[PDB]
Each structure stands twice: as C-alpha cells, then as structure tokens.
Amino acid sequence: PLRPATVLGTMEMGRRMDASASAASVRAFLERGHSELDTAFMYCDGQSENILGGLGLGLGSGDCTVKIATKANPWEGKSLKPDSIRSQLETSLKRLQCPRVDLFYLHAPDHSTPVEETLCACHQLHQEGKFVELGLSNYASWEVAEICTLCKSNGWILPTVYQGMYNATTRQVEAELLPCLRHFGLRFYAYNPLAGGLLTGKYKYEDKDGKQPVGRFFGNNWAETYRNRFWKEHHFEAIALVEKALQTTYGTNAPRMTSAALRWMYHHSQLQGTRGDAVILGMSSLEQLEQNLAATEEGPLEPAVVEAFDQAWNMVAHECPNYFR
C-alpha cells in the first residue's frame, strides 16, 4: 500500500526546543510534504501550543493545509468533566490562535468521571464548531468499544482516531486494540515510535546508575514513568540483537538503529496507510528530526533484520507496558 502518514510531535516545544528551533522543525516537516501536527494542553505548561500558535500557520482557518491536534487531560485535579474539557479546549484554541482544531483527543481516561458525561460534552463542543474530529488516547480496546457504542446510540460524534503506544518492541495494541479500531472505523496514530529514544541504541542499561544522561529518561518529571515503561534489561538485550543483525546483514552500509526502528513502523508494522494510520515522530532537536524525516523515506528492511525485530519483541513481550491507563 501507501506507507503510513507522518505526524509531527510537539511535546518538546517549549522545553528543549525554543520558538526558533520549533519553527525550523515545522518548516522542515512541511517541506517533506507532510501536514499534521500533534500537541496537547499539557505540553510545557502550554508553551508547545503557544509556540505553534505564533508560527503564523493560520490553523483551523479552513483555507488551510496544516492540520492541528490537541488533547484534554484529567491530571492534577482537572478531570474530564464537561466544564474541564471545555476550559482546556477553549484555552488551547486561544494559545493556538485558532477558531477550531482539526482533531481533539481525550488524552487519557478519567476513571472517576462517567464517560457518557465526557462524551456528551465533546458532542456539544463539536456542535459549536470548536473541533472537527474526536480522538481517544490511552483507553483500552474495550473502553473504546463502549464509547463508540454509546455515541452511536446517543447521536454523539464518534471518535475517528486513536493515538496509541506502538513500536518495534512494544506491540500490545496488536491483539485487541487494532481489531477493535478496524471494526469501529478509527485510524491509528503511533506515539513512542522510538520508545522515547530507547530505540536509537544510544543508551546502556547501567546508565541508570551512572551517567544518567539528561533527556527523556533522566531529569524531568516524567522520567521515572518513562524508565518504568521502557528501561528494562531485556529491552537492551533485544536492541543489541537488532544491532547485531544490522551489522551482519548490511556491514558498513548498515542503517542506524534509529533509522531501522522507524523503517519497521513504515514497512513492517500493522499500520495501514490506506486506513489513514500514521506515525508520530518525536525529537528534542531539529537535527534529530531531520534524521528521522530521512528515515521515513527509506525503504523496507532486509528479512533478517525484520526477523531480528520479531525476536526482539519476543524477548520483551512478557513485560510490555500497557497501552491503556
């Protein structure tokens, strides 16, 4: 088929990446012919949205090539109650300097708020023109099915996108979530395509006790969460397996682990570009992004390497982190 689409992740805009690095990145991304951006109310205390709103992209003014997604979250007391959802979205619109977003997600479940309450509110906001499509992230397949079923019966807008954790060594979503989304007509966007950077091969397990190199896995408030998600001895072993396969198969022409990992996504995963499925790229620099953008344009990997990626998943599958929260 056509390959999956490519979406630009903006989680680092306002933390490691300033307005100028951010602009450069978006420019680089658009030059490759891509068009969707992914942000959230949460990112950098609103700076990711603020940065994007100032880039003069005319977001949400249909007459408009660039598509924006944002998300409302229940954290730090906010809940996904109707007033909370509305406030988050209205704040996001202000920061993005736009009258409506193309895609609005529920960022993660609020297990203390009945989902019908949240959905009804989403439907109202859509009726007001504040977003085009609804999405879900970090809900379990069964929770997705409940939501779609409830929307159908109540005349609410159905979610059409699911944003989920997926990479060569993180495949829990395959068994149940994907079949569920296919049944109910949702496309799937993959986050953590490089396992937060673990799939670059840049780390060694014992970095956790020693170097503690500043980044995704050290120094910030989600770091421990990231380490619990991915920083496992079998995951390192699994990566080494793949690196060895890349050397044996390609020799001096071997692609970098980063570029192998991304190529897995675009060529060897269960993402289907004909369904509108996509990979959300991540970066904390322009230079990382350019590398990643180049990888997305490379071709399939050799069979021996694809096999090694399967072996690598088989090693970590028993301790795979939950795509759902």
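Numbering starts at 1 and runs along the sequence shown.
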Seminar exercise, completed: Avg C-alpha B-factor, entry values, 171-179 vs 248-256, higher side is 248-256
Problem set entry | Stretch exceeding the other in mean C-alpha B-factor - 269-277, 59-67 | 59-67
Exercise. Based on the entry's values, in what third of the chain does the Cα temperature factor of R95 lie: lowest, middle or highest?
Worked result: middle
Exercise. Relative to the other modelled residues in the chain, which third contains the C-alpha temperature factor of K232: lowest, middle or highest?
Worked result: middle
Problem set entry | Where the record places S35 (Cα B-factor, split into thirds across the chain) | highest
For this session: Select lowest, middle or highest to describe the third in which the CA B-factor of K202 falls within its chain in this entry.
Result: middle
Exercise. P74: which third of its chain by C-alpha temperature factor?
Worked result: lowest
